[PDB]
A.B. asks: 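Following this message is one structure expressed as C-alpha cells.
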Amino acid sequence: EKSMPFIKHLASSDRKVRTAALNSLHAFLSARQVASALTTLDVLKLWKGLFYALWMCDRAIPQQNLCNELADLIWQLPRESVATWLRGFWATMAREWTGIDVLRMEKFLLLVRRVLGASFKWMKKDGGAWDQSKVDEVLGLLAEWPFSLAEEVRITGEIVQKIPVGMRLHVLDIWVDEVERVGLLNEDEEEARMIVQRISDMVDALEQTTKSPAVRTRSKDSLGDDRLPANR
C-alpha cells in the first residue's frame with residue numbers, strides 16, 4: 001500500500017498543520033507514476049482526509065477557497081486516474097451526507113457544486129469542442145450516483161454504499177447552473193445540445209422510476225428550468 005503520512009494531519013486543529021498537510025497532498029499527487037497507480041482504496045482514504053480538512057475550516061472565504069482548491073485537484077491528475085478520483089469523491093460524500101451537522105452543511109453543498117463544476121469543465125476538449133470519452137466518464141458518474149435507478153453502489157469484502165436522498169436533491173437543483181457556467185447551454189453547438197439532452201434523459205428516467213415522491217417532484221422542477229432548450 002502507498003505511504004500517505006499527511007492524511008492524519010489534514011484534520012489537525014492547527015490551521016498551519018492542515019495547510020502543510022494539504023500541500024503535501026498536492027505534492028503526492030504531482031508524482032506522475034504514483035498518481036497513475038491510484039487505487040479505489042487510495043482515493044477513498046484521500047477524500048476522507050480532504051472531507052475533514054473542509055470540516056475543520058471555519059471561515060467563509062477560506063471555505064470558498066478550499067472548495068475551489070479541492071475541486072481543482074482534478075487537473076493535477078493523469079487522465080487515466082480522473083474517473084477513479086471522482087468516484088472516490090461521490091462515494092465519500094454519499095457515506096458522510098446524513099452525518100454532517102447543520103452548521104457545516106452549506107460548505108459541503110458548495111464542495112459538491114465546485115467538484116461537479118470542475119468535472120464539467122474538465123470534459124472540454126484540450127485532450128467539436130468536447131471530449132466524448134471525458135464526457136462519458138463525468139456523465140457515467142451522474143448515472144452512477146445522484147441519478148441512479150439503484151439505491152446503492154457496489155465499490156471494489158464488497159463495499160456497498162447507499163445513495164442518500166439529499167445527494168440526489170442537491171445535484172438536481174445545481175446541475176443546470178454548472179452546465180451553463182461552462183457554456184453547455186450554447187444552442188449553436190451540436191455536441192453541447194447532445195450532452196444537455198443526455199443528462200435530461202437521465203433525470204427524466206429517474207423521475208419516472210423513483211419510488212420517492214420527493215425525488216419525483218424535484219426531478220420535475222429540475223427539468224422545468226427556464227434555461228433548458230425544451231422549455232424555450
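All residue numbers in this chain count up from 1 along the given sequence. The analysis underlying the following values was restricted to heavy atoms, covering all of them including side chains, and did not include hydrogens, waters or symmetry mates.
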A.B. asks: Take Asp131 and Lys124 through the side-chain contact (heavy atoms from CB on, under 4.5 Å) test and state the conclusion after the steps.
C.D. replies: CA-CA 6 Å; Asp131 188 307; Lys124 221 152 172 145; over 6 Å; no
A.B. asks: Is the backbone of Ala20 close enough, under 3.5 Å, to the side chain of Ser24 for a donor and an acceptor to pair up by distance?
C.D. replies: yes
A.B. asks: Within the 4.5 Å heavy-atom criterion, are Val182 and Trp130 side-chain neighbours or not?
C.D. replies: yes
A.B. asks: Kindly indicate whether the side chain of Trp175, heavy atoms from C-beta on, has any atom under 4.5 Å from the side chain of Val203.
C.D. replies: yes
A.B. asks: Quick check: are there more than 12 heavy atoms from other residues, nucleotides or ligands sitting under 6.0 Å from CG of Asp126?
C.D. replies: no
A.B. asks: Can you check whether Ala205's main-chain N or O pairs, donor with acceptor, with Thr209's side chain at less than 3.5 Å?
C.D. replies: yes
A.B. asks: Do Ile174 and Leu109 share a hydrophobic cluster, counting only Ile, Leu, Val, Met, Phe, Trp and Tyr and linking them when any side-chain heavy atoms are less than 4.5 Å apart?
C.D. replies: yes
A.B. asks: Does a side-chain N-to-carboxylate-O contact under 4.0 Å join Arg114 and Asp72?
C.D. replies: no
A.B. asks: Please say whether more than 12 non-hydrogen atoms of neighbouring residues, nucleotides or ligands are located less than 6.0 Å from CH2 in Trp55.
C.D. replies: no
A.B. asks: Do NZ/NE/NH1/NH2 and the carboxylate oxygens of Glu151 and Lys162 come within less than 4.0 Å?
C.D. replies: no
A.B. asks: Salt-bridge test for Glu137 and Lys134: reply yes if a basic N is under 4.0 Å from a carboxylate O, no otherwise.
C.D. replies: no
A.B. asks: Is there a path from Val82 to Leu41 through hydrophobic residues (I, L, V, M, F, W, Y) whose side chains come within less than 4.5 Å of each other?
C.D. replies: no
A.B. asks: Within the 3.5 Å criterion, strictly below it, is a donor on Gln197 or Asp201 matched to an acceptor on the partner's side chain?
C.D. replies: yes
A.B. asks: Which pair of non-hydrogen atoms, one from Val43 and one from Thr40, has the smallest distance, and what is that distance?
C.D. replies: CG2-O, 3.2 Å
A.B. asks: Could you check if a side-chain atom of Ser119 sits within less than 4.5 angstrom of a side-chain atom of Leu86, using non-hydrogen atoms only?
C.D. replies: yes
A.B. asks: Do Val34 and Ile74 share a hydrophobic cluster (ILVMFWY, side-chain heavy atoms under 4.5 Å, transitive)?
C.D. replies: yes
A.B. asks: Would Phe120 and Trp75 show up in the same hydrophobic cluster when neighbours are defined by side-chain heavy atoms closer than 4.5 Å?
C.D. replies: yes
A.B. asks: Would you mind checking if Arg15 and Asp58 are paired as a salt bridge, meaning a charged N to carboxylate O distance below 4.0 Å?
C.D. replies: no
A.B. asks: Is the backbone of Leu223 close enough, under 3.5 Å, to the side chain of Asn231 for a donor and an acceptor to pair up by distance?
C.D. replies: yes
A.B. asks: Mark yes or no for whether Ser200, through its side chain, and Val196, through its backbone, hold a donor-acceptor pair below 3.5 Å.
C.D. replies: yes
A.B. asks: Do the charged groups of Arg218 and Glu207 touch, with an N to O distance under 4.0 Å?
C.D. replies: no
A.B. asks: Taking all non-hydrogen atoms of both residues, which atom of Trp145 and which atom of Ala94 are closest, and how far apart?
C.D. replies: CZ3-CB, 3.6 Å
A.B. asks: Answer with yes or no whether the hydrophobic clustering places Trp90 together with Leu110; edges join I, L, V, M, F, W, Y residues whose side-chain heavy atoms lie under 4.5 Å apart.
C.D. replies: no
A.B. asks: So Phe28 and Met4, do their side chains get closer than 4.5 Å, heavy atoms only?
C.D. replies: yes
A.B. asks: I'd like to know if the side chain of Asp225 and the backbone of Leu228 have a donor-acceptor N/O pair within less than 3.5 Å.
C.D. replies: no
A.B. asks: Looking at every heavy atom in both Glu189 and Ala129, which two are closest together, and how far apart are they?
C.D. replies: OE1-CB, 4.5 Å
A.B. asks: Indicate whether the side chain of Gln64 and that of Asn68 have a donor and an acceptor atom separated by less than 3.5 Å.
C.D. replies: no
A.B. asks: Looking at CG of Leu22 and CG of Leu50, how far apart are the two atoms once the value is rounded to the nearest 0.5 Å?
C.D. replies: 6.5 Å
A.B. asks: To the nearest 0.5 Å, what is the distance between CG on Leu77 and CZ on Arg79?
C.D. replies: 12.5 Å
A.B. asks: For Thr156 and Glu158, indicate whether the former's side chain and the latter's backbone hold a donor-acceptor pair under 3.5 Å.
C.D. replies: no
A.B. asks: Go through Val112 and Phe89 one step at a time and tell me if the side-chain contact (heavy atoms from CB on, under 4.5 Å) criterion holds.
C.D. replies: CA-CA 9 Å; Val112 173; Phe89 172 75; 4.0 Å; yes
A.B. asks: Output the distance between atom CD1 (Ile155) and atom CZ (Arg95), rounded to the nearest 0.5 Å.
C.D. replies: 8.5 Å
A.B. asks: Starting from the C-alpha separation in whole Å, work towards a yes-or-no answer on side-chain contact (heavy atoms from CB on, under 4.5 Å) for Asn23 and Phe6.
C.D. replies: CA-CA 9 Å; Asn23 293 350; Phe6 46 85; over 6 Å; no
A.B. asks: If you count the non-hydrogen atoms of other residues, nucleotides and ligands that lie under 6.0 Å from CZ in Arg59, is the total more than 12?
C.D. replies: no
A.B. asks: Evaluate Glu80 against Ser36 for side chain to side chain donor-acceptor pair (under 3.5 Å), listing each step before the verdict.
C.D. replies: CA-CA 7 Å; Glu80 75 250 33; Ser36 290; 2.9 Å; yes
A.B. asks: Taking NZ, NE, NH1 and NH2 as the nitrogens, is one of them in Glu1 or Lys45 under 4.0 Å from a carboxylate oxygen of the other?
C.D. replies: yes
A.B. asks: Do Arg193 and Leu184 have side-chain heavy atoms sitting under 4.5 Å apart?
C.D. replies: no
A.B. asks: Ignoring hydrogens, what is the shortest heavy-atom contact between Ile7 and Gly49? Give both atom names and the distance.
C.D. replies: CG2-CA, 4.4 Å
A.B. asks: Take atom CG in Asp226; do more than 12 heavy atoms of anything else shown fall under 6.0 Å from it?
C.D. replies: no
A.B. asks: What's the separation between atom CG in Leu73 and atom CH2 in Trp47, rounded to the nearest 0.5 Å?
C.D. replies: 6.0 Å
A.B. asks: Has the side chain of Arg232 got a donor or acceptor atom that lies under 3.5 Å from a matching backbone atom of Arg227?
C.D. replies: yes
A.B. asks: Compare all side-chain heavy atoms of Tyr52 with those of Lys8 and state whether any distance is below 4.5 angstrom.
C.D. replies: no
A.B. asks: Check this for me: does any side-chain nitrogen of one of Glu96 and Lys48 sit under 4.0 Å from a carboxylate oxygen of the other?
C.D. replies: no
A.B. asks: Are the side chains of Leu172 and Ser219 in touch, meaning some heavy atoms are under 4.5 Å apart?
C.D. replies: yes
A.B. asks: What pair of heavy atoms forms the shortest contact from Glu152 to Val160, and how long is it?
C.D. replies: CD-CG1, 3.3 Å
A.B. asks: Check whether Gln76 reaches the backbone of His26 with its side chain - one donor and one acceptor, N or O, closer than 3.5 Å.
C.D. replies: yes
A.B. asks: Hey, what do you get for CG (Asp136) to CD1 (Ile195), rounding to the nearest 0.5 Å?
C.D. replies: 9.0 Å
A.B. asks: Please determine whether side chain to side chain donor-acceptor pair (under 3.5 Å) holds for the pair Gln208 and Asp204, giving the CA-CA distance in whole Å, both sets of side-chain angles, and the decisive distance to 0.1 Å.
C.D. replies: CA-CA 6 Å; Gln208 59 182 278; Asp204 179 68; 3.0 Å; yes
A.B. asks: Could you tell me if the side chain of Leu66 sits less than 4.5 Å from the side chain of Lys107, heavy atoms only?
C.D. replies: no
A.B. asks: On a heavy-atom basis, which atom in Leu141 and which in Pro146 lie closest, and how many Å separate them?
C.D. replies: O-CD, 3.7 Å
A.B. asks: Does a side-chain N-to-carboxylate-O contact under 4.0 Å join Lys16 and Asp14?
C.D. replies: no
A.B. asks: Heavy-atom count around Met194 CE within 6.0 Å, excluding the residue itself: above 12?
C.D. replies: no
A.B. asks: Looking at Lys2 and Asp42, is any side-chain nitrogen of the basic one under 4.0 Å from a carboxylate oxygen of the acidic one?
C.D. replies: yes
A.B. asks: Test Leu29 against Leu38 for side-chain contact (heavy atoms from CB on, under 4.5 Å), laying out the working first.
C.D. replies: CA-CA 9 Å; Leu29 291 180; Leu38 285 173; 3.9 Å; yes
A.B. asks: Measure the spacing between SG of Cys57 and CZ of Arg104 and express it to the nearest 0.5 Å.
C.D. replies: 10.5 Å
